[PDB]
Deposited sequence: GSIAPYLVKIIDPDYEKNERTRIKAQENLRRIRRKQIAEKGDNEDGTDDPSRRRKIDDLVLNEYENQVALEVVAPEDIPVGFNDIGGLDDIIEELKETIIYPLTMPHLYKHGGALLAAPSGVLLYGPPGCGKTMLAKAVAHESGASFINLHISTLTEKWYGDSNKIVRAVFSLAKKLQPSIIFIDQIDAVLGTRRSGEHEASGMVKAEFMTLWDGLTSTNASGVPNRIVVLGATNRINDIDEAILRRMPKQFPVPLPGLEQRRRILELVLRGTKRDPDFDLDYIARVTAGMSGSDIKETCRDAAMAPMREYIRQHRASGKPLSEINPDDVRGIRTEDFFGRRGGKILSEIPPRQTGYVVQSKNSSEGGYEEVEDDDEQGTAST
């Protein structure tokens, strides 16, 4: 919905609009201090800075949020929520898109993604499964150049008010030169015995649960699985009383 340089556009297809996102904060599972710190520091000053611009040149938003934990949707719901809550175009990266066909295609794509994130909207960049930047090669040094360099600060002295979330299952092998520029790092433990109660309450909104017992033992039934199979078991025990109801 703006002027096109074409190379970056090979990225505009991934630019999710800030509206019509399924975020709906009440639906997310039990996560209090994580959402608290995000809504206080990453998205609160990311918009309406006039309630926040009392101190200039230092109250920008921290350009990097690292979400590390077990494999699951815990590192996805908050990321999708940040964009819809900040009036933010969720410009996903789609890491496999950075694969090399031309000699400098990945380099130009990494340039265009930051160019669009600076020009299009200050919303966020999302790098899921961060392993392209390990720490052991052109694109790796291309990130840290465009991230915080000569063109990062504007004439007013404030940064480009852009955030780049960090999604990865691994830690402490993430190219520490890049880990340095992801200030706010959040350990998100997907397995939760109390958050699972809230997530099951969210799931059972439309599901009929008259005969089955009150939602207590569900908080310990799949105690082993953290967040994924619980999302898959939403229909496991759901249709179980539903086969006989559909046939007759």
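- Item | Deposited-sequence stretches lacking C-alpha coordinates, listed in sequence order | Comparing the full sequence with the modelled residues, the uncovered ranges come out as 1-57, 194-202, 315-383.
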